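Architecture at a glance
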Amino acid sequence: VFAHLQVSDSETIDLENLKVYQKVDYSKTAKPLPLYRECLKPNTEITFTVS
RNA sequence: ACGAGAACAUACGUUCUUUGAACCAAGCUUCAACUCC
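Reading the values: rules and limits
Residues numbered from 1 in each chain as written, not as in the entry; some residues may be left out. Chains lettered and ligands numbered in written order. Part of a larger assembly, values for the part shown. Heavy atoms only, no water. Helix = DSSP H or I, 4+ residues; strand = E, 2+ residues; numbered from the N terminus. Rg over C-alpha atoms; globule rule 2.2 N^0.38 Å. Buried < 20%, exposed > 50% of the residue type's maximum accessible area, 1.4 Å probe, protein only. Contact = heavy atoms within 4.5 Å. Areas by Shrake-Rupley, 256 points an atom, 1.4 Å probe, with all protein chains shown as cover. Near = heavy atom within 4 Å. Polar contact = N/O pair within 3.5 Å; in protein donor to acceptor, adjacent residues only side chain to side chain. Nonpolar A, V, L, I, M, F, W, Y, C, P; charged D, E, K, R; others polar. Pairing = 2+ DSSP bridges.

The name the PDB entry assigns to chain A is CRISPR-associated protein Csm5, from the organism Lactococcus lactis subsp. lactis.

Given below as structure tokens:
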């Protein structure tokens, strides 16, 4: 079933939609962890072509 | 004082002419740059 799913990449997202976040863990109460990862800012549209 | 004596089975002559080791065939199939604290 996965040999017949054709998914491509996306078009090149503009570089202004990237934002560096703090990785926070929330088990009982939120506390930060020293790890920043460069994510996308929310409500950002990314376009794929899947067949 | 031998059915004997003398006498090269020798001379000449391209294993040679024509002939694709070719034809067909995806280096591909399945994978999250990821999990934990």
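Back to the text.
**A word on the overall build of chain A**
Helix and strand counts for chain A come out as zero helices and two strands. Here chain A has a C-alpha radius of gyration of 16 Å; the compact-globule value for 51 residues is 10 Å, and the former is much larger. Across its three principal directions, the C-alpha atoms of chain A cover 45 × 30 × 20 Å. Buried residues in chain A amount to 2% of all 51 residues. Within chain A, counting contacts between residues at least 6 apart in sequence, those at least 24 apart form 39% of the total. Accessible surface for chain A amounts to roughly 5,200 Å². Of this, 56% is attributable to carbon and sulfur atoms.

**A short note on the protein's contact with RNA strand B**
The environment of RNA strand B is formed by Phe2, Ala3, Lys23 and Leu33. Sugar and phosphate atoms represent 67% of those atoms of RNA strand B found within 4 Å of the protein. Between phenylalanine 2 and RNA strand B, the recorded distance is 3.2 Å, taken from a backbone N or O atom to a phosphate oxygen. Tallied by class, residues from the surface near RNA strand B come to three nonpolar, no polar and one charged.

**Thoughts on the side chain of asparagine 17**
Its place among the elements puts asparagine 17 in the segment before β1 (18-26). A distance of 2.5 Å separates the side chain of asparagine 17 from the side chain of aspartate 14, its partner in a polar contact. If near-sequence neighbours (up to four positions away) are discounted, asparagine 17 is found in contact with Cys39, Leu40, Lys41 and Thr44.

**So, the environment of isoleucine 46**
Structurally, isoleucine 46 is set in the segment after β2 (30-40). Along the chain, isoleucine 46 and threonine 12 lie 34 residues apart, while their C-alpha atoms are 9.0 Å from each other. The residues contacting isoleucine 46, other than those within four sequence positions of it, are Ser10, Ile13 and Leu40.

**Here we look at the pairing of β2**
Here β1 runs beside β2; their pairing, made up of eight bridges, is antiparallel. Bridge pairing links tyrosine 21 to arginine 37 in β2. Counting the residues between successive antiparallel strands, the hairpin from β1 to β2 contains three residues.

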